[PDB]
Each structure stands twice: as C-alpha cells, then as structure tokens.
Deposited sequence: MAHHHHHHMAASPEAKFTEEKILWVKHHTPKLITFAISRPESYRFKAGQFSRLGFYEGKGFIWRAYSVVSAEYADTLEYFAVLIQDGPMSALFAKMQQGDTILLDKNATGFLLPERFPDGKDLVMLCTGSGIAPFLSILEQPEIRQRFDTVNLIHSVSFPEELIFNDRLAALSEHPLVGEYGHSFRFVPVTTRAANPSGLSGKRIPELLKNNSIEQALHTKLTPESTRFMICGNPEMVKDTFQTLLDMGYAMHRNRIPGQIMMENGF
C-alpha cells in the first residue's frame, strides 16, 4: 500500500523549552538497526512534511522514541512544539542509515563522538548486547553548549557506574563531571578525551563513530585523519564512521 503508516504520539516530555523527547506507536513490522533513523511526517494540507530522526529507543522496545531540538522558525519544530499525546504522526515504513558499529571487524575501544541531538543514535546503539560484548570499553562523548542540555546525563552517568564511560562536554559553561570550554576536535588534539577515558587511543585499537553538527563532523573527521585514522569503506575496515546529525 502506502510508503508510511499512521501512528500515534504516546507521550511528549518537554525537558527544556527547546529540547523534547517523545514516543510513537510501533507497527509490528517496523524493523530498524540501532543507529538508524526514521522519517516522520505530518499531513500538511493537501501535501506532507517529512524529516529524519534517529531512533533513540532499543531495537527490542515496543514503542519508538525520538529526541528533537526545537529550531526557531523551523517548520517541523513548529508542529513538534504543539503536538500532544494522541496526535496522528506518520511513520515511513523504512528505516535508513549506515551508522553500524558491527561493521567494524575488530577494535578494543569504541568511542562515540556527538553534538546536541546527534547523541540519539548512540543511545539506541548502547542497548545492543553484542556491542558491549565485542568492545573492551564503550565510550560516549557528548558535546552541548550548556549543562541543562545534557538531558540524558543522569542515566548515562548511572550506566557508567567491559566498561562503559560517559564524558559530557559543555562548550559555553562549566560542568563538574566532564570537559568544559573546548570543542571535541581540540579535545582530541590536546589528549583531553584520551585522558578522560583512561584509555590510550590509537589507530590499532580505537574505533570512532561521529554524529552531530555537520561542521563538527568535518572538523572531527579531519582531526582524526591527521592523527592517522581512516574512513571505513565498502572494502577498507578503517576506524571512522560518521553521519550528519542534520
């Protein structure tokens, strides 16, 4: 039939005036791999409006959960800001994306680097039991401007205490637990991330995922290349995978 189904908003949590999570009903035949994104839409008059969102919830969960930054004057943000439980929302029948760490042949330490809402796919990746089994450590570095935007801080930090480490980065204000004042590319360059994790990072043992602001992705990729890392390819195992968070 159609390329999408009509689902319902099950709930909406307004963590801050600009940051929301929400959940939608999940058709039994909707399958995705941790790290992928859905396309969500609404009827817009006689037409549609569609956007991509990384699935935050686990592959095995019975709902679909998402995490959205409300963009000033954004068309989809405007709908998200007024949507309520019970509203109809459209779910494209197909999930997409290549942020798939199991494609890495080996590696001792998985390091996921994200900004803002780009944390979303890594939250779903964190639920896959085999990811934790194949990596000696799994690390998540999350960069936001202010600590109030670290909305998953409480539980990620609870999961950190085969090890899992969470390092918050706040670029425009201090945060006690993690790194403050500096963006991820510089924190890779000056050894701060390597020191924060207590794990030496090398091309031989470290595998990188990057998701977030496109300028951050380019800057991080360039920094890693200068440090001897390589892009994962169809025929080269490599040590870097990346996806623009928007």
Compare the deposited sequence with the modelled residues and state the ranges that are missing C-alpha positions.
1 to 13, 175 to 182
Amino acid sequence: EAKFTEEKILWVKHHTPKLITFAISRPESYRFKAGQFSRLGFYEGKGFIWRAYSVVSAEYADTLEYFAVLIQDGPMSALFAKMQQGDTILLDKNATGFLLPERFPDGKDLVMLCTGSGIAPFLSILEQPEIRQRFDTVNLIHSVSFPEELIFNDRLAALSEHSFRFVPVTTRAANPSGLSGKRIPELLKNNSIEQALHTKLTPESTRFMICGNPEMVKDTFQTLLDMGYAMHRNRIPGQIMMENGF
From here on, numbers count along this sequence of modelled residues.
So, looking at the entry's B-factor column for Cα atoms, which has the higher mean, 95 to 103 or 149 to 157?
149 to 157
Read off the CA B-factors in the entry, average them over 42 to 50 and over 173 to 181, and name the higher stretch.
173 to 181
Looking at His198, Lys33, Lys218, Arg26, which has the biggest Cα B factor in the entry?
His198
Taking the C-alpha B-factors as the PDB entry records them, is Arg235 in the lowest, middle or highest third of its chain?
highest
Rank-wise, by C-alpha B-factor, drop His142 into the lowest, middle or highest third of its chain.
lowest
Quick check for you: using the entry's CA B-factors within this chain, is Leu224 in the lowest, middle or highest third?
highest
Pull the Cα B-factor of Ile193 out of the PDB entry and bin it into the chain's lowest, middle or highest third.
highest
Considering only modelled residues of the same chain, in which third does the CA B-factor of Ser205 rank: lowest, middle or highest?
highest
